[PDB]
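Residue-level structural notes
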Amino acid sequence: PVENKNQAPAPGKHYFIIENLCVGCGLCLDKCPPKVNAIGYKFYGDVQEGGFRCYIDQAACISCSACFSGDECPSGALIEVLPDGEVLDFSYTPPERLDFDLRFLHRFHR
Amino acid sequence: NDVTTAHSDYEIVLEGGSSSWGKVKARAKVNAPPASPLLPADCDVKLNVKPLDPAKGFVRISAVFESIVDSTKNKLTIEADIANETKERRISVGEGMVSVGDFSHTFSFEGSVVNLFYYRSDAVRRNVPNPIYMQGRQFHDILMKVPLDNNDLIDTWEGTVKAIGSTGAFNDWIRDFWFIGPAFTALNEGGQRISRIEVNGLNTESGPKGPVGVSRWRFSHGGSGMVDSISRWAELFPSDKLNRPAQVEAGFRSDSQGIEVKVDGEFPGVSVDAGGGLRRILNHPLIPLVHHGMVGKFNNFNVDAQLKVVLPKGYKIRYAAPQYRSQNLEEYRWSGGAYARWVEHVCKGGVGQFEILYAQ
Amino acid sequence: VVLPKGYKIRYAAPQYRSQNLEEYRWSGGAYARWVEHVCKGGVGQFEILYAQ
Amino acid sequence: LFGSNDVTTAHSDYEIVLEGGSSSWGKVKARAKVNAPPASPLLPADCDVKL
Amino acid sequence: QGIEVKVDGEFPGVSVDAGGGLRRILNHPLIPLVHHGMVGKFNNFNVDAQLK
Amino acid sequence: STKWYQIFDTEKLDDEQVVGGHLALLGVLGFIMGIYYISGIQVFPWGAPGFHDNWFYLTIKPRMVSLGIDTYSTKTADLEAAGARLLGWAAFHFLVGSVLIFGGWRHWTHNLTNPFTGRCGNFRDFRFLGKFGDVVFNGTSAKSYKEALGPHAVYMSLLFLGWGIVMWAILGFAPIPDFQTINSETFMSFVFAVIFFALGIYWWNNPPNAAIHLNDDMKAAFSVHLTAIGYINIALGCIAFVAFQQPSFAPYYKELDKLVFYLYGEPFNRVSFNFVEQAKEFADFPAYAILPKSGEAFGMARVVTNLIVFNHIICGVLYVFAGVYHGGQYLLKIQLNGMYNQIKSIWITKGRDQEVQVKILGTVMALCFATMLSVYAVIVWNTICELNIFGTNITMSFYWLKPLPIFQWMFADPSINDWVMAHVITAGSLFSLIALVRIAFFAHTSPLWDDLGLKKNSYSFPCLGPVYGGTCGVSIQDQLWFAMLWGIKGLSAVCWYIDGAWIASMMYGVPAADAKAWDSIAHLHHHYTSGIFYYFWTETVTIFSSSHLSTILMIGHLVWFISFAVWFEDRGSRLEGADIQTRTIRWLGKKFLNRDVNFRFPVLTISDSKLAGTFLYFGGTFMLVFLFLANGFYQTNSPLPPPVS
Amino acid sequence: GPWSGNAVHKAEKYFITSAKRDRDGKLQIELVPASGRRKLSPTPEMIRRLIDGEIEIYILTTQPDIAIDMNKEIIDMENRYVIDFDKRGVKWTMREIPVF
Ligand code: BCL
Ligand code: BCL
Ligand code: BCL
Ligand code: BCL
Ligand code: BCL
Ligand code: BCL
Ligand code: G2O
Ligand code: SF4
Ligand code: SF4
Ligand SMILES: [Ca+2]
């Protein structure tokens, strides 16, 4: 009989890099502001065999997190340590899955 | 004419910094009839929380339930002071008023809730990064006082005195009384088991303007992990995260033609740190999911849903499951597709997860 | 619904689809919605009130 | 026309190879692919059972 | 987005002898069906099912 | 990094946004069609001459002839009627395109308000029409692409029925089932309307489920539809080549050879240095006026047929490549998002196992290598035999190798040329499919990058550095560029075959002896224009004759060897050179400027350098292939005699 | 296979935090996976996984060195540390700040 009013428009930090893992691509350098210059190349030997790696100057590097948030690392050397101590290779790693294939017996994929 | 479709818009505006303090704006309309023998059923509920004292840890919450059912107006207003004494024990001091039609009774209450988890293993918290099913038990001890200022109310108190003093099985049937109708089913569909109550005291002292009936009683809620009150007790009460008066309005109107819902409000605790540096929009409490599925299974529907999560600037979503359809460079939008299937899932009682992980 | 003679439907959960003299017929969309509701366990009302 | 639109699809195959004679043995090979979301609060759940 | 179930098995109790010389595939245990019913009523679906 | 080619990316667009974009594009396309129709007016209805036969209109023309428009008439009155019909239909296209642009703007702004009735139409929920929408659907597709296929097919049925009606009333073509004559396309339009209405209602009542696309439709559905429509366009090109060669289309295409055309840029009558218009070659025509080019010698019928067929074919191949690239982008998105393990559909789960990817790509590589080696050895051996080096006459060549008699039905004159054409098309298809499969399967990790611990984290990352002495061009974008470069060969084979050329050998028709004796020993009633290398020499006669084609030649060549600069591994050299350029431009200081020169010379990113390189490479290559197909057909049905009896 | 989990790592990459040598040896040596959401202990089942090859634990450098001589003292190249003295363990090296 009686009802109340309604409206509803719905309907109608201290980042580190593991030189053992790093391969020296330098996208961290591109992700770093030029004013800081924290990422730097360190040369070890022949360039074609891996050669140079990259390093962070902890004093110069002040909590930008652009490198890791960009998630551009192919090698996973760009790691982030946390105040509690956990280490991150990637911002979000895919979950590990128990992989086993599906083949219907009567369907064409058997 | 035969098609029944649900049109819903959702907006989650998170705020920057460690504290979430998010705003939720939800609109919903569905053509399916409601599962209520009394129709039309209209309700307005206003929940406002205010920080009474940060040093004492006292928060103040006022809930105003205004409802119209079968042309009858009911109003349960309740102002309460919640205080976290310990991580297990919590205290409450409050006053309220229930006015149904011409009848109205005011109540006051002192209440201690002691929530104890059964298992405090470090192994589980060490292994599982996202604990959902946490069993436990909540012991409520409530001393509630009501002025016996009405003759019918006095009759109720007198009859209850004799009922308690006459039947020893009253502690079992009081659950049937308390869980009026389908509620008694829902507790079994949500993993909630309720122990027989214990009436510590049942006495009456008189105030100069009228008598006051005082009843102290205890009961034991028991959660098998699915219960939000037990498993998410810490996420339940973000008093430390609350410094600004938060508030939510929620009104749903249910004619036989359709149901219209509007829920607009800001509150803290929307996003919590799930570990790994990614803030997670909080896991869906499962009790609402199953209890709403109880009525949502009753009819089929087409799904037209749209969620618009407004991230604060500088943050990006790293995980969404299902994926967001469109992005406005700050707002992540889930419209249709597997999100529609998930909306169907949760409407009908599904407890599937919707992992929104976002980070700096 | 065939009423006693001299009575008419006044208030109704979703209204009657057809009305012959003394005969009311609920069909179509909303009544079918309610039927689908009660088949699956819906306890929603169908409040049919008739008066002289 | 029809009602209850926007349904998902589940594709299932079953095979029960029985053994003749007094032997009540059977070989059951079943496959299923359901596009409906699961009811797992911790959704990515893969379990292998070797009995 | 989905569920992928694969069962391979060899069971010694598939067939149950019945009266009159008849043998049958064993009656389905009902606890599986009912316990699956809780999760099976969460979405509307169409099934393409084969059995050999 | 949002670039100027990422602002219109679908990830930022909604469904309504792309609807508005498609409608704006349809309206702009209608405006362009009006331009072309106006450009086809041979004699103005005013009583004056018209436009000089644009290639756009020369392509459009036979289809217009199929309709009541655009009579193949030298009679001035009937040609004026043709111009009148063209202009009227152009104005109608202009009006409809204007309304379509208006609707596209409304859908771009998400501002859907009807001026006559002040109501807002919700994109998520509406009725298609006042009563028809309630008759058919009773509502709207619930914001899911799978649920929209039904209504989309219903709309396509409506469009087919409308096309039949337009043919019935305005163009005056009564539907009869005689498929040889024109007046059955309307009957088949009605048949397709019935069929697609049935399919649309079925798909509305029963939506097909491929749940991969629904979530991020903006890229998954885009990729699937783009690859499907690319194959559809390839099929349309093949069907067009077959049909335009049929006698049924002959009244509408062979008559194009009968009539001459005055093209824009076709050489004019040349006046002398002293022409007193108060000496001139070809004095009958006015000064600086276009000399007529005879269709019979130019082969305008097959020239237009080739333009149409190769336009659709290359557009389809490019659409296939772009569909694969965008599907790779979506797959990379779900691989970084962790949704790749959660797709649950055959189109992903089969490729989820890396060993299956290895097997598929290895089979493709083996087939490509075998077919390519076989056909290339055949080609080079034919070339060796016809040039007689190492003392081998053409009797040792692959002239015996005809297509099988069972398979001979689909060729005009069975020869080694058709064999090599088919083998080259299959080899190039597999050659591009190698890179397409690489995009499909190796969007995140190749088996090498699985063994060597790297992973692709972007769709447009340049490389991974000099580690392992490599890592260049492993991005799906770079694999797309390689696929395009590899399919350039296949598209070139298509163009040269449809234009007419001996693909089975390289120098066929050169003054060498056994190159000329090919036709004598092959028994062909068709004289193919020339061999692969001699094709340029034989077909550039007209390209040099026409100044306009020569201008296109020069511009395309410039574009190509400018692509060279960004294709090579020289970006760092260009960066340091640009720094030197900037330093000397700063040395314009103390050259009396007193102006701070804040202009750093820009050098493109490698992800942008490859983009520009491929765009310019393809652009120059096929700007020149346009001249290949615009030189002429020049195929005479006359076998060559042996040089020595 | 490779797509499940972090695609770089063949085995589950479990970095070792600097929990060390502060209270009766600190047997609760903190093992953290590349995902980083959980924080596990070095229980014998984790050692069973590690000897199974499904997981691989790695020691980092830029931290207080983790019982570097109490876990194992093989220092031929300063990275020959093994838990059960026949492990074939691998150490992650980071001369991050000390190098120029
Ligand atoms: C609901 C499931 C559980 C339950 C779980 C909890 C939880 C959870 C809490 C209490 C608490 C209380 N419980 Mg209890 N309790 C239940 C049944 C009861 C019954 C009864 C006979 O039905 C009684 C008398 C009590 C008694 C009481 C009080 C002693 C105390 C404060 C109540 C108050 O302020 O409410 C005021 C009234 C409301 C605000 C009305 C709306 C209630 C809903 C549940 C609020 C949901 C919030 C929404 C999702 C987000 C809102 C954002 C806003 C900005 C806040 N409980 C059942 C069995 N109980 C609190 C405490 O521990 O006190 C010390 C507490 O944290
Ligand atoms: C007396 C009630 C209890 C209590 C009981 C619960 C329970 C139980 C739950 C929450 C939940 C939440 N509460 Mg609480 N909570 C208490 C104290 C607080 C205080 C505070 C400082 O006072 C705050 C700020 C919050 C804030 C919050 C959020 C962190 C969270 C909801 C997240 C979300 O997005 O919701 C979205 C917002 C909504 C959908 C709006 C709902 C608005 C309506 C008016 C309230 C719900 C009505 C309910 C359906 C019906 C109640 C009828 C009963 C008969 C009373 N709670 C008090 C002490 N709260 C949920 C959560 O996830 O916990 C971890 C949950 O399960
Ligand atoms: C055969 C029909 C094809 C198709 C052909 C085209 C064409 C052709 C165009 C689009 C355009 C777009 N299409 Mg499409 N597209 C298909 C399928 C899809 C699907 C899908 C099924 O999921 C989606 C979501 C889209 C989405 C989109 C957007 C990226 C964009 C329109 C929105 C916008 O406002 O742009 C914002 C910008 C504008 C609308 C105009 C910008 C200026 C100019 C006109 C852009 C021209 C680009 C380029 C030169 C086009 C060349 C074609 C080649 C000559 C072969 N397409 C089907 C299968 N689409 C246009 C686009 O912008 O492409 C990048 C466009 O050019
Ligand atoms: C230029 C023609 C354009 C166009 C231009 C406009 C304009 C201009 C307006 C809309 C309006 C609307 N458009 Mg439109 N729109 C187009 C195609 C679409 C499509 C689609 C089929 O993919 C969609 C989803 C929409 C979406 C919407 C609706 C939400 C809304 C009308 C509400 C309704 O109930 O109207 C019932 C009818 C509709 C759903 C119309 C569907 C489209 C038809 C084919 C074209 C209508 C305009 C045309 C000039 C009139 C003659 C049509 C012929 C008789 C077929 N448009 C066509 C291709 N559209 C109107 C509005 O907001 O209304 C309140 C409005 O003002
Ligand atoms: C649509 C965007 C532009 C436009 C751009 C073009 C383009 C581009 C062309 C024409 C051409 C034509 N245009 Mg127009 N034109 C528009 C508006 C119109 C309208 C109108 C009232 O809207 C009409 C009646 C016409 C009229 C016509 C004819 C004179 C002519 C031949 C049509 C025909 O064969 O269709 C055939 C009709 C059908 C096949 C059925 C309807 C479409 C179906 C449902 C979609 C599937 C078929 C699709 C077109 C081809 C894909 C085949 C695959 C195998 C799936 N234009 C708008 C403004 N117009 C053509 C031209 O001049 O030829 C030389 C031409 O190619
Ligand atoms: C056949 C109809 C469509 C088609 C429909 C789809 C659909 C639908 C999907 C894709 C998707 C993808 N498409 Mg496709 N796609 C086609 C043509 C292609 C071609 C090509 C040049 O032939 C390529 C390289 C691609 C590339 C790709 C990838 C980016 C991606 C699949 C990755 C994967 O793991 O695959 C694993 C490989 C397979 C499953 C191969 C086997 C294919 C089928 C399922 C099995 C039977 C066919 C049999 C092998 C061949 C003989 C019989 C045929 C009838 C001829 N498409 C045609 C045009 N494509 C998916 C994606 O995510 O899009 C963004 C997606 O959703
Ligand atoms: C027409 C074609 C080309 C140019 C035009 C040109 C321009 C140019 N280039 Mg080039 N290039 C190739 C072709 C062309 N490169 C090829 C095919 C390769 C493959 C190997 C290649 C590779 C490298 C490497 C590796 C490096 C460079 C540079 C470098 C310059 C710096 C200054 C200089 O040399 O000026 C000398 C050059 C000029 C006088 C060029 C300007 C007018 C011009 C006369 C002709 C005008 C043509 C017109 C601009 C085209 C369109 C006009 C209109 C539509 C807008 C510089 C002006 C680099 C440096 O910056 O220092 C040298 C460097 O490191 N390259
Ligand atoms: S965190 Fe900031 S300062 Fe440190 S390397 Fe990254 S961008 Fe440079
Ligand atoms: S992105 Fe990774 S591989 Fe590249 S330089 Fe940085 S740490 Fe090294
Ligand atoms: Ca040519």
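Method of determination for the deposited model, per the PDB record: cryo-EM, at 3.49 Å resolution.

**Looking at the overall build of chain F**
If you tally the helices and strands in chain F, you get 23 helices and two strands. Compactness check: chain F gives a C-alpha radius of gyration of 29 Å against a globular reference of 26 Å for 645 residues, within 12% of the reference. Principal axes of the C-alpha set define a box for chain F whose edges measure 80 × 75 × 70 Å. In chain F, which comprises 645 residues, the proportion classed as buried is 48%. Averaging the positions of the 40 positive and the 41 negative side-chain charges in chain F gives two centres separated by 8 Å.

**Describing the coordination of the calcium ion (ligand 10)**
Residue and element names in this part refer to chain F. Distances from the calcium ion (ligand 10) to its protein donors, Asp 499 (OD), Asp 499 (OD), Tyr 535 (OH), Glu 539 (OE), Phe 628 (O), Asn 631 (OD1), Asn 631 (ND2) and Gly 632 (O), fall at 2.2 to 3.1 Å. When the donors of the calcium ion (ligand 10) are listed by position in the chain, the intervening gaps give D-x35-Y-x3-E-x88-F-x2-N-G. Here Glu 539 lies in helix α20 (residues 534–545) and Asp 499 lies in helix α17 (residues 476–499), a separation of 40 residues in the sequence. The same class applies to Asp 499 as to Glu 539, namely buried.

**A short note on the site of ligand 6**
Residue and element names in this part refer to chain F. Neighbouring residues of ligand 6: 22 residues in total, closest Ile 212, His 213, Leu 331, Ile 346 and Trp 347. Note that an oxygen atom of ligand 6 is positioned 3.4 Å from one of the side-chain N or O atoms of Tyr 231. Those elements that place two or more of their residues in the shell around ligand 6 are α7 (211–215), α8 (217–244), α12 (300–337), α13 (346–352) and α15 (416–441). The element contributing the most residues to the shell around ligand 6 is α12, with six residues. Split by residue class, the shell around ligand 6 holds 16 nonpolar, five polar and one charged.

**As for the interface of chain E and chain F**
Each partner contributes to the interface: chain E provides five residues, whereas chain F provides seven residues. The three residues of chain E that bury the most area against chain F are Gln 1, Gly 2 and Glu 4 of chain E, which together make up 91% of that side's buried surface. Split into classes, the residues belonging to the side of chain E that touches chain F amount to one nonpolar, three polar and one charged.

**Let's talk about the packing of aromatic side chains**
Going through the model one piece at a time under the given rule, you end up with 65 aromatic pairs over all chains. Ring centres of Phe 533 of chain F and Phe 536 of chain F lie 6.2 Å apart, and the angle between their planes is 70°; on these two criteria the pair is classed as edge-to-face. A relative accessible area of 37% places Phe 536 of chain F in the partly exposed class. Measuring from ring centre to ring centre gives 5.3 Å for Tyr 534 of chain F and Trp 537 of chain F, while their planes differ by 10°; the resulting arrangement is stacked. Highlighted residues: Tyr 534 of chain F and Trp 537 of chain F, both in helix α20, separated by three residues, approximately one helical turn. An aromatic cluster is built from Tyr 324, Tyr 332, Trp 334, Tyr 339, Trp 342 and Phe 354 of chain B, whose rings are joined through pairwise contacts. The ring of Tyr 44 of chain A is capped by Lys 42 of chain A, whose NZ or CZ atom sits 4.0 Å from the centre of that ring.

**Regarding the sheet that holds strand β15 (residues 279–281) of chain B**
Residues and elements named next belong to chain B. Spatially, four strands are ordered β14-β15-β20-β17 in an open sheet, and the strand pairing comes out antiparallel. At either end of the open sheet lies a strand with only one pairing partner, and these are β14 (271–273) and β17 (316–319). Direction aside, neighbouring strands of the sheet carry axes that sit 40° apart on average. Sheet topology places β14 next to β15; three bridges connect them, and they run antiparallel. Of the residues in β15, the one forming a bridge with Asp 273 is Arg 279.

**A few points about helix α3 (residues 76–109) of chain F**
The end-to-end C-alpha distance of α3 of chain F is 49 Å, a good match for the 50 Å that 34 residues give at a rise of 1.5 Å each. Following α3 of chain F by one or two positions, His 110 of chain F has its phi on the positive side, about 55°.

**As for the sheet that holds strand β1 (residues 12–16) of chain G**
Residue and element names in this part refer to chain G. Taken in spatial order, the four strands line up as β2-β1-β3-β4 in an open sheet, and their pairing is mixed. Every interior strand has two partners, whereas the edge strands, β2 (31–33) and β4 (90–91), have only one. Sheet topology places strand β3 (residues 55–59) next to β4; two bridges connect them, and they run parallel. Counterpart to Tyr 58 in the pairing with β4 is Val 90.

**Describing the UniProt feature "binding site: [4Fe-4S] cluster 2" (unreviewed entry) in chain A**
Residue and element names in this part refer to chain A. UniProt tags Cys 32, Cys 61, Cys 64 and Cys 67 as "binding site: [4Fe-4S] cluster 2" (unreviewed entry). These annotated residues cover 36 residues of sequence, but their C-alpha atoms sit close together, with the largest distance between any two at 10.9 Å. With respect to the helices, strands and loops of the structure, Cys 67 is situated in helix α2 (residues 66–70).

**Some details on the pattern of salt bridges**
Taken as a whole and assessed by the stated rule, the structure comprises 42 salt bridges over all chains. Salt-bridge contacts for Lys 27 of chain D lead to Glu 19 of chain D; the nearest nitrogen and oxygen are separated by 3.9 Å. The partner of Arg 23 of chain G in a salt bridge is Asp 24 of chain G, with the nearest N and O atoms 3.8 Å apart. Comparing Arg 23 of chain G with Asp 24 of chain G shows no difference in burial state: the two are exposed. One continuous salt-bridge network, built from bridges that share partners, spans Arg 325 of chain B together with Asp 15, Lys 143 and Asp 217 of chain F.

**Focus: empty space enclosed by the protein**
In this structure, the largest cavity occupies an estimated 150 Å³ of space. When contributions to the lining of the largest cavity are tallied by element, the ones reaching two or more residues are α8 (338–347) of chain B, β1 (8–18) of chain D together with α7 of chain F. The element contributing the most residues to the lining of the largest cavity is α8 of chain B, with three residues. Classifying every residue of the lining of the largest cavity gives seven nonpolar, six polar and four charged.

**Observations concerning the site of ligand 3**
Residues and elements named next belong to chain F. Residues in contact with ligand 3 amount to 16 residues; listed here are only the nearest, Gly 21, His 22, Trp 108, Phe 222 and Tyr 319. Between a nitrogen atom of ligand 3 and a side-chain N or O atom of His 22, the distance comes to 3.3 Å. A distance of 3.2 Å separates an oxygen atom of ligand 3 from a polar atom in the backbone of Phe 222. Within the residue set of the shell around ligand 3, elements represented by two or more residues are α1 (15–39) and α8. In the shell around ligand 3, the residues fall into eleven nonpolar, five polar and no charged.

**Some points on the UniProt feature "binding site: [4Fe-4S] cluster 1" (unreviewed entry) in chain A**
If you check UniProt for "binding site: [4Fe-4S] cluster 1" (unreviewed entry), the listed places come out as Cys 22, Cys 25, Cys 28, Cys 54 and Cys 73 of chain A in our numbering. Look at the named residues: they lie 52 residues apart in sequence, but the longest C-alpha span between them is just 11.8 Å, so in the fold they bunch up. As for its position among the elements, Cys 25 of chain A is in the loop between β1 (16–17) and α1 (27–31). Once you skip the residues sitting within four places of it in the chain, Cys 25 of chain A turns out to touch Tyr 41 and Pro 74 of chain A together with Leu 464 and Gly 465 of chain F. Its location among the elements puts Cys 73 of chain A in the loop between α2 and β4 (78–81). Look at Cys 73 of chain A and you get buried, because its relative accessible area is 13%. Beyond its immediate sequence surroundings of up to four residues, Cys 73 of chain A is in contact with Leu 78 of chain A together with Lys 455 and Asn 457 of chain F.

**A short note on the interface of chain G and chain A**
Each partner contributes residues to the interface: chain G has 29 residues there, and chain A has 32 residues. Both sides of the chain G and chain A interface together cover about 2600 Å² of buried area, and 53% of this is carbon and sulfur. In terms of surface lost to chain A, no three residues of chain G exceed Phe 15, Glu 96 and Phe 100 of chain G, which account for 23% of the buried area on that side. There are one salt bridge connecting chain G and chain A. Note that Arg 95 of chain G and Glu 19 of chain A form a salt bridge whose closest N and O atoms lie 3.8 Å from each other. Broken down by secondary-structure element, the contributors of at least two residues to the side of chain G that touches chain A are β1 and β2 of chain G. The greatest single-element share of the side of chain G that touches chain A, amounting to three residues, is contributed by β1 of chain G. The residue inventory of the side of chain G that touches chain A, partitioned by class, reads twelve nonpolar, ten polar and seven charged.

**Describing the nonpolar core**
Membership of the largest hydrophobic core comes to 98 residues, with the highest contact counts inside it found for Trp 55, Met 300, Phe 310, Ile 416 and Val 420 of chain F. Considering each element in turn, this core owes the most residues, 18 residues, to α12 of chain F. Not counting residues within four places of it along the chain, the set of residues in contact with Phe 310 of chain F comprises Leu 491, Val 494, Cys 495, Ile 498, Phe 622, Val 625 and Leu 629 of chain F. Membership of the second largest hydrophobic core comes to 31 residues, among which are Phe 301, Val 309, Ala 320 and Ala 340 of chain B.

About the criteria used
- Numbers given for residues start from 1 on each chain and follow the written sequence, which can depart from the numbering in the entry; residues without coordinates are excluded.
- Chain labels run from A onward and ligand labels from 1 onward, assigned in the order the entries are written.
- Note that the chains on view sit within a larger assembly, with every value limited to the chains on view.
- Hydrogens and waters are ignored; side-chain quantities use all the structure's heavy atoms.
- Secondary structure elements are taken from DSSP: a helix is a run of H or I of four residues or more, a strand is a run of E of two residues or more, and numbering for both begins at the N terminus.
- Here the globule rule is a power law, 2.2 Å times the number of residues to the power 0.38, and the radius of gyration is based on C-alpha atoms.
- Whether a residue is buried, partly exposed or exposed follows from its accessible area with a 1.4 Å probe, protein chains only, as a fraction of its type maximum: under 20%, in between, or over 50%, in that order.
- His residues and chain termini do not enter the charge count, which takes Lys and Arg as positive and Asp and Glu as negative.
- A single reference atom marks each charge: NZ on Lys, CZ on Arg, CG on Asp, CD on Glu.
- Here a donor is an N, O or S atom found within 2.8 Å of the metal, or within 3.2 Å if the metal is Na, K or Ca; sites may look incomplete because water is not among the atoms.
- Only heavy atoms are used to decide nearness, and a residue is near a molecule or strand if one of them lies within 4 Å of it.
- The definition of a polar contact used here is a pair of N or O atoms within 3.5 Å, where within protein one atom must be able to donate a hydrogen and the other to accept one, and adjacent residues in sequence count solely through side-chain atom pairs.
- Under the scheme applied here, ten amino acids are nonpolar (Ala, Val, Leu, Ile, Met, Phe, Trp, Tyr, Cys and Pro), four are charged (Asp, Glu, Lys and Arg), and all others, including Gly, are polar.
- Contacts are assigned to residue pairs that have any heavy atoms within 4.5 Å of one another.
- The buried area of a pairing is the accessible area, by a 1.4 Å probe, that goes missing from both parts when the two are put together, added over both.
- To pair, rings of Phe, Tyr and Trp, with the six-membered ring standing in for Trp, must have centres within 6.5 Å; the planes then decide the type, stacked if under 30 degrees apart, edge-to-face if over 60, and tilted in the middle.
- Distance and angle both matter: a charge sits over a ring if NZ of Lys or CZ of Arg is within 6 Å of the ring centre and within 35 degrees of the ring normal.
- When DSSP finds two or more bridges between two strands, those strands count as paired.
- Angular values range over 0 to 180 degrees, each being the angle between N-to-C directions of two axes fitted as lines to C-alpha atoms, with helices fitted over their stretch in contact.
- Helix span is expected to be 1.5 Å times the residue number reduced by one.
- UniProt positions are given in the numbering used here, feature names are shortened, and annotations may be inferred rather than shown by experiment.
- The salt bridge criterion pairs a side-chain nitrogen of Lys or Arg with a carboxyl oxygen of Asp or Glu, the two atoms within 4 Å.
- Method remark: on a 1 Å grid restricted to protein atoms, a set of points is classed as a cavity if a 1.4 Å probe fits but cannot get out and as a pocket if it is open with protein on both sides within 12 Å along at least five of seven lines; lining residues have an atom within 4 Å of a point.
- Grid points are joined across faces, edges and corners, and a volume is the space filled by probe spheres set on the points.
- Side-chain atoms within 4.5 Å are what join buried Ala, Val, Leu, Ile, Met, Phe, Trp, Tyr and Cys residues into a set we call a nonpolar core.

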